[PDB]
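This is data05.txt (compact mmCIF, C-alpha atoms).
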```txt
# COMPACT_ATOMS: atom_id res chain seq x y z
CA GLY A 1 6.45 -7.80 -3.86
CA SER A 2 9.91 -8.73 -2.63
CA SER A 3 11.46 -10.27 0.46
CA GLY A 4 12.03 -7.63 3.11
CA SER A 5 11.22 -4.48 1.18
CA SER A 6 7.97 -2.91 2.33
CA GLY A 7 5.47 -3.98 4.96
CA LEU A 8 2.59 -4.09 2.50
CA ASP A 9 2.77 -7.34 0.57
CA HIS A 10 1.95 -8.80 3.96
CA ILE A 11 -0.60 -6.14 4.83
CA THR A 12 -4.23 -7.19 4.58
CA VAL A 13 -7.05 -5.32 2.88
CA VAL A 14 -10.63 -5.53 4.08
CA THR A 15 -12.83 -6.57 1.18
CA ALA A 16 -16.60 -6.69 0.80
CA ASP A 17 -17.14 -9.66 3.07
CA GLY A 18 -13.64 -11.06 3.35
CA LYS A 19 -9.96 -10.30 3.87
CA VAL A 20 -6.94 -10.61 1.61
CA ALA A 21 -3.34 -9.49 1.28
CA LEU A 22 -2.44 -6.27 -0.47
CA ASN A 23 -0.67 -8.56 -2.92
CA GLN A 24 -4.00 -10.06 -3.92
CA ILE A 25 -6.47 -7.31 -4.75
CA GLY A 26 -3.61 -5.57 -6.52
CA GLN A 27 -0.12 -6.16 -7.86
CA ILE A 28 2.72 -4.59 -5.92
CA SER A 29 5.43 -3.17 -8.15
CA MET A 30 8.10 -0.80 -6.89
CA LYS A 31 8.30 2.11 -9.30
CA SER A 32 10.40 4.79 -7.67
CA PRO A 33 13.27 4.31 -5.20
CA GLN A 34 10.74 5.07 -2.48
CA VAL A 35 7.33 4.55 -4.04
CA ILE A 36 5.41 1.29 -4.10
CA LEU A 37 2.85 0.95 -6.86
CA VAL A 38 -0.17 -1.31 -6.48
CA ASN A 39 -2.16 -1.98 -9.63
CA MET A 40 -5.80 -2.63 -8.84
CA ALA A 41 -6.86 -3.37 -12.40
CA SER A 42 -8.16 -6.60 -10.91
CA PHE A 43 -9.95 -4.78 -8.11
CA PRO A 44 -10.69 -1.16 -9.03
CA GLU A 45 -13.65 -1.36 -6.67
CA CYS A 46 -11.45 -2.35 -3.75
CA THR A 47 -8.96 0.42 -4.46
CA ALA A 48 -9.94 2.48 -1.44
CA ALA A 49 -9.95 -0.65 0.69
CA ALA A 50 -6.25 -1.07 0.02
CA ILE A 51 -5.49 2.56 0.79
CA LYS A 52 -7.39 2.01 4.02
CA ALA A 53 -5.41 -1.03 5.11
CA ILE A 54 -2.26 1.02 4.69
CA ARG A 55 -3.70 3.76 6.87
CA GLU A 56 -5.15 1.06 9.10
CA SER A 57 -1.74 -0.57 9.25
CA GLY A 58 -0.42 1.28 12.27
CA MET A 59 1.42 3.31 9.66
CA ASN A 60 0.84 7.05 9.56
CA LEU A 61 1.51 6.99 5.84
CA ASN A 62 -0.26 8.83 3.05
CA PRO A 63 -1.06 6.37 0.25
CA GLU A 64 -1.98 7.70 -3.17
CA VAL A 65 -4.43 6.50 -5.80
CA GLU A 66 -4.26 7.04 -9.54
CA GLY A 67 -7.02 5.51 -11.63
CA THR A 68 -6.21 1.94 -10.66
CA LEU A 69 -2.61 2.28 -9.55
CA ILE A 70 -2.14 2.98 -5.86
CA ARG A 71 1.02 4.78 -4.84
CA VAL A 72 2.81 4.31 -1.54
CA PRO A 73 5.64 6.78 -0.95
CA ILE A 74 8.37 5.77 1.47
CA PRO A 75 9.31 8.11 4.33
CA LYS A 76 12.80 9.38 5.08
CA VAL A 77 15.22 7.77 7.50
CA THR A 78 14.61 8.46 11.17
CA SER A 79 10.96 8.96 12.06
CA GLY A 80 10.28 12.10 14.06
CA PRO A 81 11.98 12.38 17.46
CA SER A 82 13.49 9.01 18.31
CA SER A 83 15.66 8.53 21.37
CA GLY A 84 14.95 6.17 24.24
```

Would you give me this structure, written as structure tokens?
Amino acid sequence: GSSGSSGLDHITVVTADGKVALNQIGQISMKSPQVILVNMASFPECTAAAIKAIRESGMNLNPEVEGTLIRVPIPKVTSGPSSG
């Protein structure tokens, strides 16, 4: 959870009957140089939810999930064919 780092801390996760930021149901903590960790020890039941948001965040990313620590690997520079 840092200023201008990864569009997740702002992302929202759909909960039971409510909405919240990814930096609410879990704690964002950058582990690797391109992997965002999200501890859901506070919401191990809303783990999937988070993962969803990510996927449902106009981001064709593949979020991981380990026990209660979600992993979000960062892609490489230049996304597919870009030139317009």

Report the distance between atom CA of residue 22 of chain A and atom CA of residue 10 of chain A in Å, rounded to one decimal place.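 If I compute the distance from atom CA of residue 22 of chain A to atom CA of residue 10 of chain A, I get 6.7 Å.
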
Using the file's own x, y and z axes, what box holds all listed atoms of segment 78-83 of chain A with 8 Å on each side, keeping edges along x, y and z, and what are its centre and edge lengths in Å to one decimal, as AutoDock Vina command-line options?
```
--center_x 13.0 --center_y 10.4 --center_z 16.3 --size_x 21.4 --size_y 19.9 --size_z 26.2
```

Computed gap from atom CA of residue 30 of chain A to atom CA of residue 4 of chain A is 12.7 Å

If you count only C-alpha atoms, the residue of A:59, A:8, A:41, A:46 closest to residue 21 of chain A turns out to be A:8

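Atom pair atom CA of residue 68 of chain A / atom CA of residue 38 of chain A: separated by 8.0 Å.
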
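Among the candidates A:57, A:82, A:47, A:6, the one nearest to residue 24 of chain A when counting all atoms listed in the file is A:47.
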
Neighbourhood query: residues within 12 Å of (9.1, 8.5, -0.4), file coordinates, counting only C-alpha atoms; return as number ranges by chain. A: 6, 30-37, 61-64, 71-77
